[PDB]
Each structure stands twice: as C-alpha cells, then as structure tokens.
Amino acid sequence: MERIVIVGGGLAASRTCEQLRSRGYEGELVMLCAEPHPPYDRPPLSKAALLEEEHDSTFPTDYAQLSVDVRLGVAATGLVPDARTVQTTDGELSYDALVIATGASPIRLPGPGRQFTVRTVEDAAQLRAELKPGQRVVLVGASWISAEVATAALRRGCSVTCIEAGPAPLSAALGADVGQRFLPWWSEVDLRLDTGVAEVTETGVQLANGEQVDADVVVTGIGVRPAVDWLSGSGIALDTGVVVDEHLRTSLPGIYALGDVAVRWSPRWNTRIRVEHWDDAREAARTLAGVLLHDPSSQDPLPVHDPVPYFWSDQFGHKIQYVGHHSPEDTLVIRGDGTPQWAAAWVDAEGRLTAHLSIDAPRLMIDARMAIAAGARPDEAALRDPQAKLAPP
C-alpha cells in the first residue's frame, strides 16, 4: 500500500485526512502529532476555553473509520528527502508522499519569569486558572490574542495591563489610523502605547525603560513563527515558513505543506503571503487533497489555492471580520466615518479594493470579499457608505 505521512496534528492535518478520504484515497495515512492529544481547534483557546463551562475543541474526525494511523506524542525532528524518510523523537519512518502541517509557535520574550503564550489546551487551562479576581494580568502586545485574553480576564475580574510598542491597539495588523479607532473598546484596560518590553522578570515585566511593571500573570501575544526548525538541512526551500506554490507543493517532489507553517506565492496579491488564518488552513486541505490525487493520465488542471484571506476576532463583546490583504502602501478609506457603524476599506493606486474590516456586520464582509475577488474599483461614494454594495452582481 502507498503511504502518505502528515507531520503535525492540528486543523490542516485533520482536514487533509478527511479530504483525502472523501475524494477517494484508499492508501495508508499516518499522522505524526507532537502533542499527546488528537487534533483540536485553536480559535476557541482564547475564547470558550477561557470563559465557557464546555470547551473541548477536539475535531469530530473519526480516525478509526477513516483508517488513519494517528501517532500521538511524536514530533518530526529531521527529513531525508532522497531516502523518503522522516526522523522523529520516536524513530524513523518512510513515506511515499509527505505533508508538512506543523503550524506555528508563539514568539516569547527573554527573561526568567513565568510567561504564558496561548497555543495548546494546557496553555489555556493553566491561564484560565490564573484569571481570577484580584489578579494583575500584564499582556505584552496589543494583538488579536491579547485583546481576546484581555476580554476573558476582565470578565473574570482581573486587573489588566497591556503594553504595546506601536502607537495604537492592533496597529501592527491594521495600522495606526484604524487601530486608534478601537481605543474605546480598551477603556477598561491599562493600555500603555509606544512602549517596548525588554524581558519577563520574576515579578512581572521590565520595560525598555528599565522600569518594572509588577504582574501576577504575564501573557505574551507578539506573533507566531512557523514551526520549521526540524527541516534544517533537508534542502527544502524556507522563508520564515515552508515555501509552497499555489498548489501547496514545496520545492521537493512528493512533499507538500499548508496552514500556519506555509508561505505561499499568490498570483493575486503579487507577493508571498504568510497569513496565519483558520479559514486559509482549512481551505488549503481541500486543494491539497485534489493535488495529491490528480490522476496522471487525466488532462485536467492542477487545483489552485489562492483565496481572498479571511480572519475574525471575538473581543470586548464584539465580532471583527477582516477580509483581504492590504499593504501599508494602500489607501485607507473609512466607511461611515463619524458613525457607530463605521468600517474600513483599503484600495490600491488603481482603486481596486484590497481589504475590508467590519464590526458585527458579516453582510458587509461577504460583499467586500466578492468585490476583492472580482477586482472591483468602487467609487468614493460607495466606499464612504458602509451599507453600499461593492461587489458586482
């Protein structure tokens, strides 16, 4: 029997298994999971897992009925493409095709003190146990994850401080103009802008000042880095992530990658995109399955993955929807400026809609997503009215 080996045990790995089976794959499937848990969903870790009574985010995938050999507590540590062999913490195994789906790891600060990052079920459970009335929580970075952790900490009675090097919350992701508009949402947080953090100390954090800010709990949310250090020396093309083409093929034949670990050339956006988004990992698994099962005698084209990216965040009681891929070079146009129903659009030098941000208004996002896909060039009157449809029929 042929053998496809999937390295990693999250959304991309689980969904690739389902897709490979639904689309006719009858060979062997082995999944190498570094974690000692069946794959589970991550968006809930900073949401339900902190706040709700029930929060088991394990996927419904039935690996017994899909004849998937799931190997828990086994991490890949090396790759020998010429031998079609992967090295792991539990020994060697060979493959006929290999899928890299190891996700990304949180960036952390230096220092000796206790420092939480949100990536596993253990992280969320131990962080939840520390979010209690009378606790001082310091969040490093005014990021999506920090905003979500801040929400849960406030609801559980914590004092929250958030230290951001940039000029406004979410400035790294959305820019200073848009981020500045979210300040009222942070009104219950001790938010310190334009402030760098040097390290996590035994008693809290130390600012670039050298000044200290005491804390009972420190949570760092300053981004993630693809988990690719095990690929060192394999000769695979890397660029802060595994480089794949629009068909999720790496630089080496028979080896594929998708999800948070992957950096993908996008014909649409004319650059490499490193978008750690739930929807992008999930959608890529369907494309990847189609690529792997492409009958060689068939003359059909090879499936492509180049969607308009989508991301959401649940914070401060609201729902933020973001679609597209804007550059700092793009022009920001606020929709409904001066009204509570405002949204944000970005257009390029040719007037083409590149991205759109809405709040509690998915109808606006859905229309914007199709407008971006179509390359729509809405006029100023349409952009300034939040309710105006931007997509062609």
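The first residue of the sequence shown is number 1, and the count goes up from there.
Two stretches are in play, 64-72 and 363-371, and the higher mean C-alpha B-factor belongs to 64-72. Higher mean CA B-factor, judged across 208-216 and 108-116 from the recorded values: 208-216.
Among 258, 140, 323, 289, the highest C-alpha B-factor in the deposited entry belongs to 289. Sorting 39, 36, 338, 43 by the CA temperature factor given in the entry leaves 338 at the top.
Ranked within its chain, residue 388 lands in the middle third, by CA B factor from the PDB record. When the modelled residues of the chain are ordered by their C-alpha B factor, residue 296 lands in the highest third.
The deposited CA B-factor of residue 133 belongs to the middle third of values across its chain. Placement of the Cα temperature factor of residue 20 within the chain: highest third of the modelled residues, per the deposited record. Residue-level temperature factors show residue 190 in the middle third of its chain, judged at the C-alpha atom.
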